[PDB]
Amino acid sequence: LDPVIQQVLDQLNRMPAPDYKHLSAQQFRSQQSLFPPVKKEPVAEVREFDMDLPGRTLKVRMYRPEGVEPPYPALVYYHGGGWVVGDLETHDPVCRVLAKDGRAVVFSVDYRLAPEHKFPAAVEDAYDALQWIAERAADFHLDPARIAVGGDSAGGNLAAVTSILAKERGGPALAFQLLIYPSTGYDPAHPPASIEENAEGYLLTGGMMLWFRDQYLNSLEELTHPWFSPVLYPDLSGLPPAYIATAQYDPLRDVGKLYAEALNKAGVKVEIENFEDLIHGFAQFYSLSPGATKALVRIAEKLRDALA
């Protein structure tokens, strides 16, 4: 286990174990704490504006890197945070790396967070967002055939699910899926080993996964709805080829593996790598941990090839 990630787990695992029974979303958000300033790689331009969508307006932050000419290969990105926390700044550095090392224009979408907007506001936001952007490939000098989707954790979930809607509705063409330790689901009655294995002490805990699933979902029945567990979708076949990264000490390790294992079955090209010395959410320790820094770049490179 990485040395910097260790001090974070030690110092963290000290404070009192949280009481998710009374813990509030306002309080977890206001509880922003853990993640000192981090390095922001540079890019040619950064543009933040509003996507005006029916019923609601969403903020977007576009990232163009240096040394890349139109029409540009892109990436519509969805930040992680349990469908509850996170915004355009918390993941601003991660997006900068994917943009710099991935050689693509990155559009980080500021979707509606729960509990305020329950499932499925996030999913509809993810899909409508991609469409709003693809409809205007010409206005952003985009190569319509090289537009990918990606995300970390809950953001990874949204990307998998958006891939599926796009397939039902015949487009827009998604060239690729970049899923970083994504929450793609499973059958709660028969949960993978990593769930029990890495239940505690590794940042993302079992009690935290439950709290998220609580603030986000409306009913128990929703636990097996495809839009929440894309892994339980009928025909995974014909979906965009993908790259899936997982972490050794992540309760969601086998969940992503399970998704890799499923797309393969429906005959979809997929590559999955497990980073042996990292935990869930490592991309946010870029420039802080020597292991996370290497992994994120490695991940941004796979994007570069895939979209090449």
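Just count from 1 along the sequence shown to find any residue number.
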query: Of the two stretches 106 to 114 and 134 to 142, which shows the higher Cα B-factor on average in the entry?
result: 134 to 142
statement: For 245 to 253 versus 258 to 266, entry-based mean Cα B-factors point to 258 to 266
field: Peak C-alpha temperature factor (PDB record), options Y233, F176, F228, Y72
entry: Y72
task: Could you look up the Cα B-factor of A166 in the entry and say which third of the chain it sits in: lowest, middle or highest?
output: highest
- prompt: When the modelled residues of the chain are sorted by Cα temperature factor, does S153 land in the lowest, middle or highest third?
  reply: highest
- request: Ordered by C-alpha B-factor within the chain, which third holds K294? Give me lowest, middle or highest, please.
  value: lowest
message: Which third, lowest, middle or highest, does the C-alpha temperature factor of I147 belong to within its own chain?
response: highest
task: Check where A300 lands among this chain's C-alpha B-factors and tell me if it's the lowest, middle or highest third.
output: middle
